[PDB]
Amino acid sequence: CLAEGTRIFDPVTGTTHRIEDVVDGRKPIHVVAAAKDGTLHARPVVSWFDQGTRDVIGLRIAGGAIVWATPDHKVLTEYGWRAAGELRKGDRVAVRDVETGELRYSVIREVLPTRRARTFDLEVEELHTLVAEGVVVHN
């Protein structure tokens, strides 16, 4: 699950939403989703899930971005999809270049201790993934 405060870029509108607003308001935004061959695409959100309060760890990436998610949440890394909790400083995760919109990989600079927060998940059509805080993760 993804933590409240998690920013999601909508490639169609160019707008960035906080995941809790998307869920509580059932907003049919589009996200940047990742396909199997390292290609990114725009995909609509068709379902919204409020996961309640849970512990979320933080992954601080090169550039400053920090994605907060439950330790079981899947993240795309240089070595494939792995649960956030298995990640450590030095590991590289998939990110979307703020400018080029291209897929690249960035180093995890620090792993932060857990903190309490409402958590969520979305259903992204077909590709079931999205870019959160610039990082590619499971929906």
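All residue numbers refer to positions in the sequence shown, first residue = 1.
Taking the mean C-alpha B-factor of each stretch as recorded, 37 to 45 and 70 to 78 are not equal, and the higher mean is that of 37 to 45. For the segment pair 56 to 64 and 97 to 105, the entry gives 97 to 105 the higher mean B-factor, averaged over Cα atoms. The entry lists a Cα temperature factor for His30 that places it in the lowest third of the chain's modelled residues. In the deposited entry, the Cα temperature factor of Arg18 sits in the bottom third of values across the chain's modelled residues. In this PDB entry, the Cα temperature factor of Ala117 sits in the top third of its chain's modelled residues, the highest group.
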